[PDB]
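Comments concern the structure below.
So basically every Cβ, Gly included, is an ideal-geometry build from the backbone, and we count neighbours across all protein chains shown. Where a number appears in this text, it was derived from the coordinates with a stated rule and is not lab data.
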Amino acid sequence: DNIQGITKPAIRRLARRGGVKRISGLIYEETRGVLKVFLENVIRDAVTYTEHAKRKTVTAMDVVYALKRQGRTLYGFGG
Amino acid sequence: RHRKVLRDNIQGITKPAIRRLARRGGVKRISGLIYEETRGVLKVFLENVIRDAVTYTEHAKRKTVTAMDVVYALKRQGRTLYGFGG
Amino acid sequence: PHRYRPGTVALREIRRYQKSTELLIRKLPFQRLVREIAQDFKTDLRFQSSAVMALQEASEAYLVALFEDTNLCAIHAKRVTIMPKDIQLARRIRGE
Amino acid sequence: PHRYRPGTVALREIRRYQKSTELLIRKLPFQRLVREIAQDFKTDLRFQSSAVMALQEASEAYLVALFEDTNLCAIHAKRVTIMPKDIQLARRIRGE
Amino acid sequence: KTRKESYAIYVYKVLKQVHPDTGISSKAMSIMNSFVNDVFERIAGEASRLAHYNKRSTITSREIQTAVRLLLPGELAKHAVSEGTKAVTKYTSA
Amino acid sequence: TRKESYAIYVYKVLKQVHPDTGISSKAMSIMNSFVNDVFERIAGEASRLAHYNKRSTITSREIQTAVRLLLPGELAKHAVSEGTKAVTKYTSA
Amino acid sequence: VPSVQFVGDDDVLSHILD
Amino acid sequence: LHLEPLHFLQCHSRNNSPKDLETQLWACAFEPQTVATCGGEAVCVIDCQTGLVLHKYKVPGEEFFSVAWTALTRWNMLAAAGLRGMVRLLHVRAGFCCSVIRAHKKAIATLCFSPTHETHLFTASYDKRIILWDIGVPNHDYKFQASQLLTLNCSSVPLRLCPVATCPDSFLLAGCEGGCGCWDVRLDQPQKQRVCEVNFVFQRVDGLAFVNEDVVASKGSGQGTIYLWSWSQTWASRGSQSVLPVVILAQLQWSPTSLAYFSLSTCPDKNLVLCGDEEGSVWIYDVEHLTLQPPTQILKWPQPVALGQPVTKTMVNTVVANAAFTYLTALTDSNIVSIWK
Amino acid sequence: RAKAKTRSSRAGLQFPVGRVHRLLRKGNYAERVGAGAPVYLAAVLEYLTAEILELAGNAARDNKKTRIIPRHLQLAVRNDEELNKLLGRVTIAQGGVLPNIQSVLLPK
Amino acid sequence: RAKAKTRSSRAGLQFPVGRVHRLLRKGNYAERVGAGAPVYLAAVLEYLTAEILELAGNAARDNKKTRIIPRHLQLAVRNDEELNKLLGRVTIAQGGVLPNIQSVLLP
DNA sequence: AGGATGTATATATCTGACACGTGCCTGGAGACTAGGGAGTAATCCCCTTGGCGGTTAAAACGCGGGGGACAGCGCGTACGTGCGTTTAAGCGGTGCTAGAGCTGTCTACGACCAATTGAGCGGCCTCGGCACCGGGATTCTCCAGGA
DNA sequence: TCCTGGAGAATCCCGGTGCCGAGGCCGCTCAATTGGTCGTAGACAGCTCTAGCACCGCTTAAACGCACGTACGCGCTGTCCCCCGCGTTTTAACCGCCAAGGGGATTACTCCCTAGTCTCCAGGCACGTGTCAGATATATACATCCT
């Protein structure tokens, strides 16, 4: 139940950075599910890369490669 | 450069044609301005694709735009097209 | 006479065209539009017939998908008529 | 006593969090979540700190973009509050 | 003319496997050839990226397998990996 | 070990453009990633062009067309100008 | 020889309206 | 001809960008030292003396092709039209567009008037028609009730019209992509759709105008020749023939380019023929005293400086001068209104 | 010498292992290509081809036809969740769209 | 032998023409790489770096700071129409977002 | 217009991260050779374009009307704001060791080459699966009139 | 007020006929296979030094929960205008056909340029170190939101 660690205020702040002024009470569980799906995809790709390298550690480069795979190139961590 | 080109061939994309495209997409009622909006969007799309295709054609030192030019352009734009020599 | 209530023939056309695959834009007007657009990038350009046809297939696919998104937006707005704002919203969310 | 009307602090927080760049989700809970998700794909896995930082940066960027789209959908629906259907429409148009 | 290459014969053989009493049109054959080329390019590019990322100069079956896992959805990936493993095992056997 | 980066060259360009400006570590890493990403994009497009045209060599022509395909209008124009100027200068000397 | 003189929309003395 | 450059104005920029030059300007006309010019999406009214642009009218996406003034009984109205086949009559002095006539479904090549009994407007569009309109008198609220008087069918796209000098309201000449013809514009005949009465023989005719009451100046492309032929003698030689060789008076040597849509003009009071060329020069012919005869003077493209550099190459399409030949305007494909004194 | 078996025969495949090996070696994917790489790639392509063909032939049968046209391939792809995900940014010529009318647009 | 002249100096570039040539060669892009492709690529990369740094330093000045930080690169990229298209599918770490509030939310 | 809350700014502190220097060494540059690539010229036939003429489907214009967009209003509730209490996250410091990174060996697999052959491709041709179509069956829509 | 019957338009289904492209066969040629050699990529072992995990204590900022009021979601109502549907007229797409040449595609040749190699050295990276640009803390002036 670590998805609940993404608190209501955390999602509220994320929405605020997105320009959202008023937030419905059902937005929180929807956002938790969305974040979970995104993390599942990215982490699956990263762990596939980590397994290919015969490594038991997930490196920042594995995440970068997964993100680039999904068309979400990330700068500031190498590559 | 040709001197007096009549840039009026977008109107050839007729109102009934746009309505048919809408119906294939499941649209039931269409507003009047949708037609001009669609014409502009189609012009932008075709401009991007044809620019890429002509760029390939110039690179090949060719003067006719082959279907592989269009396939490569669409692949560039992330619009992979099957059925023309993929 | 018979005066089918508004919307019935619309649903009928939806069924008719979602059943079929034939291209919906007339061939010669689209060919001319393609040549006109290509003119601004190069002169005395020739087009293979297959090239024009590929452009038309891709263009119709793009427009149909855009209209699906536009319709979803219109229904989101508690509406049945698609309007320019719907196309604008769909294109913006798509990133175009 | 003094009490700002609804929305004032909302705008203030919008401005405040668009001015900053610091990660908005707490680091420890997110690390726990990342490990929990990962363990379903391979047990006994270790994460570089930079890896969790990259995941958090990407996740926050994704959520902020999605909230921009959701807010646009809400405005489209003549509403100022964002609801789950807004996120669903945004994601459906995005291809997710 | 100059010999052009396509996957027509192989797609036809596979079709007669799955559905013996059925045919395919030229346009469908072109679509299938395009599909095979596209998946080839995707998997080969992923294998090349894996070799580059791991500082290896060989595209081996391990790379192709990880590329298949990365590119294809879950169940398709599972069946594809099973088929590839079976093919390589049978090839090595003979 | 030696971990090659575009840090020194980015610093040179920065001192050419803003002689009185520094750059942070994270900014430098972002710039390094940007350089590597654009390198990969242009090189990949050039490789695709060479493969399409049944050529085994990546000339400056392929790089020029890759820049035209990738970068938007004004950026593409300026990049092509810079590249052709560099090639002219290299050939002359 | 006079150079080319640019006249922008703000340089017109009057705009014709619909 | 002691002509000196007075202005080089760039006032038809697209997106209001000073960097727009390639856009081509097509027609200009003097108000009955004020000239109206058209090209791109704008119609401009320019004072040739001071160089100030008095008025500008913009319609989205239109590529104006013709403008013409008419003195109405007391408004000097300005007519403009172009790509969209819509004739827009602008009250320039009042500062607004009065009415719009949806004349053609295809692009309108050019417009003309004449000293007809009143308010006539021939419109030549790409649908292969020339329609004669009676725009009527404007009501108290600046509204026009346009009427269709007659439709001329053409075997090709019409490019320029010139009402016959000695009978402007009886017969009309028009230059078309298939050649030149004469059409009977007399109102007493009842038939409303009329084919060409006579097709003249000398290929497209991209320039056509009367030098004097009897002599016609015409030209095509790819011939390096300007033909002078008499209207009176030709019409006397017609009989009942639908195709009639013209009675040629002289030929004038002109540039040999095969490029089309290079139009000519005249200044009858001075016996002048004017026509720009692909090098930006203005070829001038004083045919009063008048083998291919030579031009009396060639006014070379003075290469004015643009953005700090010379505009070395361009093309001039239309040249028009006032009756006293005190001001001559030459329009270029470079968004430059060349003005000469 | 000995008779040639063909690498596809050894792997029990129908797609060309030798041609796929040549394509890997000439596609500039790596300086070296292993012996097992073409076999695996050919097997994967063959399986994907079998899946699409199975669905498309089912579609043709449902459409009372004995030949696969692009419509049948489009139906097969878009009615299968995983193939649709795989061919997400792909447009098939002469394929059309799946029948779909939103509930609200139907008559009340 | 003769005094060594760097290929970058010949092309009048600061980016490494030799390193770019090696990366092109050791990257499986084609069997052969021309002598001009590295020069063109180095020139283009140097131009893009200069263009991004100019706007990033302008953004840094506009905030009264001497050092460029990821926020500054974010501002430079997202305030230029052309760069934002080039990096339209790129997320810059610690960049934040451009300040933007929709009109109807304002009072 | 004032009270209050927040924001902006103003300064001092201090500090750790940037940027500069020095030493080393590995990748780049100079010089050279050798062969395959690619430019260039010639030739040829395919495919693009261009025109014409008739036929008919589609576009276009207009007219009437209904139903859908859109504004105005009223109500009820659900979300923003604040305050107080509770939780746990962040920081720091310490300790441990798993495993990521590097090095050396050795060897097995893959590139390369030469000879042989049959798999696949172009071409050619025949017939049956599908396009088309004219008639009947069904199912679907819409309105008038009775219960 | 609602339903049911009836007409009416539309679409689906079915049997007949035809046509051109799928599907099979033939001949050839060049791409794959087989057999062999050689070199180095990488697989595996051994060693080491980071850094990732765990743990513990203290502080305090953030989260949580509850109250409360009001701004808004939304349901309803009315109005009117604009999109649909359908008849009639206008237009030009499209099919078939013929004709011409522009240029793509192929072939033969030949000089150029780039891969590969040996040699030499300086450009760039690692490491070390000093100091000043920016984060932090505390206090005072300016903005503005609600009463």
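Laid out as a table, the results:
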| read-out | value |
| --- | --- |
| Flag for residue F:60 being at the interface with chain J (Cβ under 7 Å from one of its Cβ atoms) and in contact with a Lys or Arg (Cβ under 6 Å, 6 or more places away or on another chain) | no |
| Failed item in (1) farther than 18 Å from residue J:22 by Cβ; (2) more than 14 Å from DNA strand K (Cβ to nearest atom), with residue F:44 passing the rest | (1) |
| Residue that is farthest from the other protein chains (Cβ to nearest Cβ), among those in segment C:1-43 that are within 6 Å of DNA strand L (Cβ to nearest atom) and closer than 30 Å to residue B:1 by Cβ | C:27 |
| Test: residue in segment D:34-47 that is touching a helix residue (DSSP H, G or I) at 6+ places or on another chain (Cβ under 6 Å) and either part of a strand (DSSP E or B) or over 24 Å from residue A:43 (Cα atoms) (or both) | no |
| Selection count where residues are touching a strand residue (DSSP E or B) at 6+ places or on another chain (Cβ under 7 Å) and either facing chain J (nearest Cβ under 7 Å) or of a type in the set (D, E, K, R) (or both), scope segment F:11-33 | 7 |
| Single unsatisfied condition, residue J:64 versus (1) crowded, with 19+ Cβ neighbours inside 10 Å; (2) within 11 Å of DNA strand L (Cβ to nearest atom) | (1) |
| Residue H:88, sole failed condition from (1) within 14 Å of chain G (Cβ to nearest Cβ); (2) surrounded by fewer than 20 Cβ atoms within 10 Å (Cβ to Cβ) | (2) |
| Selection from segment H:106-127 of residues that are of a type outside the set (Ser, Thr, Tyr) and either out of contact with any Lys or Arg (no Cβ under 9 Å at 6 or more places or on another chain) or in a strand (DSSP E or B) (or both) | H:108, H:109, H:111, H:112, H:113, H:115, H:117, H:118, H:120, H:121, H:122, H:124 |
| Filtered residues of segment D:33-52 (kept if of a type in the set (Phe, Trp, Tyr) and either within 11 Å of DNA strand K (Cβ to nearest atom) or under 20 Å from residue D:91 (Cβ atoms) (or both)) | D:47 |
| Enumerated strands (runs of 3 or more DSSP E) restricted to segment H:1-45, each holding at least 2 residues that are of a type in the set (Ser, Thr, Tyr) | H:34-39 |
| Residues located in segment C:63-82, provided they are touching a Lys or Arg at 6+ places or on another chain (Cβ under 8 Å), facing chain B (nearest Cβ under 7 Å) and surrounded by fewer than 23 Cβ atoms within 10 Å (Cβ to Cβ) | C:80, C:81 |
| Close pairs (9 angstrom Cβ cut-off, 6 or more residues apart or separate chains): within 16 Å of residue F:10 (Cβ to Cβ) and at the interface with another protein chain (Cβ under 8 Å from one of its Cβ atoms) in segment J:57-82, assigned to a helix (DSSP H, G or I) and aromatic (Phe, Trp, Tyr) anywhere | J:73/F:34 |
| Which listed residue, of I:24, I:45, I:75, I:41, is under 20 Å from residue C:21 (Cα atoms) and in contact with a helix residue (DSSP H, G or I) (Cβ under 7 Å, 6 or more places away or on another chain) | I:75 |
| Residue within segment J:21-44 that is touching a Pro at 6+ places or on another chain (Cβ under 6 Å), within 15 Å of DNA strand K (Cβ to nearest atom) and of a type outside the set (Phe, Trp, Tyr) present | yes |
| Matching residues in segment A:35-79 - criterion: being assigned to a loop (DSSP other than H, G, I, E, B), among the hydrophobic types (A, V, I, L, M, F, W, C) and either away from chain J (no Cβ under 14 Å) or out of contact with any helix residue (DSSP H, G or I) (no Cβ under 9 Å at 6 or more places or on another chain) (or both) | A:53 |
| Single residue of E:51, E:47 found to be within 13 Å of the chain's Cα centre (by Cα), small (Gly, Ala, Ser), away from chain B (no Cβ under 14 Å) and surrounded by 15 or more Cβ atoms within 10 Å (Cβ to Cβ) | E:47 |
| Residue in segment D:53-62 that is surrounded by fewer than 22 Cβ atoms within 10 Å (Cβ to Cβ), more than 13 Å from the chain's Cα centre (by Cα), part of a helix (DSSP H, G or I) and within 11 Å of DNA strand K (Cβ to nearest atom) present | no |
| The lone exception for residue A:24 - which of (1) more than 11 Å from DNA strand L (Cβ to nearest atom); (2) in contact with a strand residue (DSSP E or B) (Cβ under 7 Å, 6 or more places away or on another chain); (3) not aliphatic (A, V, I, L, M) it fails | (1) |
| Some residue of segment C:83-96 being under 23 Å from residue B:68 (Cβ atoms) and either surrounded by fewer than 16 Cβ atoms within 10 Å (Cβ to Cβ) or within 11 Å of DNA strand K (Cβ to nearest atom) (or both) | no |
| Conditions (1) out of contact with any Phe, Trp or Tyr (no Cβ under 8 Å at 6 or more places or on another chain); (2) surrounded by fewer than 20 Cβ atoms within 10 Å (Cβ to Cβ); number of the one not met by residue F:37 | (1) |
| Test result for residue B:26, within 7 Å of chain C (Cβ to nearest Cβ), farther than 21 Å from residue C:48 by Cα and either part of a loop (DSSP other than H, G, I, E, B) or within 13 Å of DNA strand K (Cβ to nearest atom) (or both) | yes |
| Residue I:34 vs. criteria over 15 Å from the mean Cα position of the chain (by Cα), surrounded by fewer than 22 Cβ atoms within 10 Å (Cβ to Cβ), of a type in the set (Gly, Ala, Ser) and facing another protein chain (nearest Cβ under 7 Å) | yes |
| Flag if residue F:5 is facing chain J (nearest Cβ under 7 Å), touching a helix residue (DSSP H, G or I) at 6+ places or on another chain (Cβ under 9 Å) and within 13 Å of DNA strand K (Cβ to nearest atom) | no |
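For every residue, the table says whether it meets (1) surrounded by fewer than 23 Cβ atoms within 10 Å (Cβ to Cβ); (2) closer than 26 Å to residue B:2 by Cβ; (3) under 20 Å from the mean Cα position of the chain (by Cα).
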{"residue": "H:15", "(1), (2), (3)": "yes, yes, no"}
{"residue": "H:21", "(1), (2), (3)": "yes, yes, no"}
{"residue": "H:46", "(1), (2), (3)": "no, no, yes"}
{"residue": "H:60", "(1), (2), (3)": "yes, yes, no"}
{"residue": "H:73", "(1), (2), (3)": "yes, no, no"}
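Conditions tested, residue by residue: (1) more than 19 Å from residue J:36 (Cα to Cα); (2) part of a helix (DSSP H, G or I).
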{"position": "F:15", "(1), (2)": "yes, yes"}
{"position": "F:20", "(1), (2)": "yes, no"}
{"position": "F:43", "(1), (2)": "no, yes"}
{"position": "F:61", "(1), (2)": "no, yes"}
{"position": "F:65", "(1), (2)": "no, yes"}
{"position": "F:74", "(1), (2)": "yes, yes"}
{"position": "F:78", "(1), (2)": "no, yes"}
{"position": "F:89", "(1), (2)": "no, yes"}
